[PDB]
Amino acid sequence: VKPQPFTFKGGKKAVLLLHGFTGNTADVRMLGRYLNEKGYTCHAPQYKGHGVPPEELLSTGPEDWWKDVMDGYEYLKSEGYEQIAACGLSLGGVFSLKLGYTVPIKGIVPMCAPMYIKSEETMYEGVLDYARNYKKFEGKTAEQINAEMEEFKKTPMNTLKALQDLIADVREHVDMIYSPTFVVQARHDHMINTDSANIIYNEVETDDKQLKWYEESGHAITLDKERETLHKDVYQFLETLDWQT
């Protein structure tokens, strides 16, 4: 169905949930529903250019998506939730780490966050596959999709280099994170370099750093078979955080 930002109201423990590149809030909705059933207040913004036709994605970049992340953090603050944890999938996990050394965060849970850059061509191939599937889900025939993709291929995404610079910049500041960190990484991730999980765990400078590998999951770990175990592991980590004060 339709993708939209969601806010699940619960107690004073607040969690900011961040989806990945070419994703949407549905990637973190089941996790937000589980945490809200456990009493957490959950808010998931939707990045600019996501949840809309892919032609609008081409005009957006990390500077737009980061503004959506900060707006989500400030929305929870403006609503009375001063204590916020950050949990994100892939690029959302990168944004979660960036929040860790930028604003007060009770704890961060980067899930399959890439610390290694990929080539623009490799990234753009994923954009093209996302664009083709989006038009497929719009109900268009195969012939109409081929015609629209032919024009789509003539419009390169000029913000992919900035996306590379974002991942490289966060990796150089991982040692400035002192908040508790729960690194979640699927072992059979064919989308990123799984050594990113070791970089985050080894170089974060917090006393409470954790790493768990998921042996039966792919990159989309929140949608794969172990997600119920992931929900419990994330919940049980969030419970150890220094809430209230």
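Residue numbers here begin at 1 and follow the sequence given.
Look at the C-alpha B-factors of 202-210 and of 178-186. On average they run higher in 202-210. In this entry, 144-152 has the higher mean Cα B-factor, the comparison being between 144-152 and 90-98. Looking at the C-alpha B-factors along this chain, the one for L160 belongs to the middle third. Sort the chain's modelled residues by C-alpha temperature factor and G61 lands in the middle third, per the entry. Annotation for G126: CA B-factor lies in the middle third of the chain's modelled residues. Annotation for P110: C-alpha temperature factor in the lowest third relative to the rest of the modelled chain, per the entry. Among the modelled residues of its chain, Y116 has a C-alpha B-factor that falls in the highest third, as given in the PDB entry.
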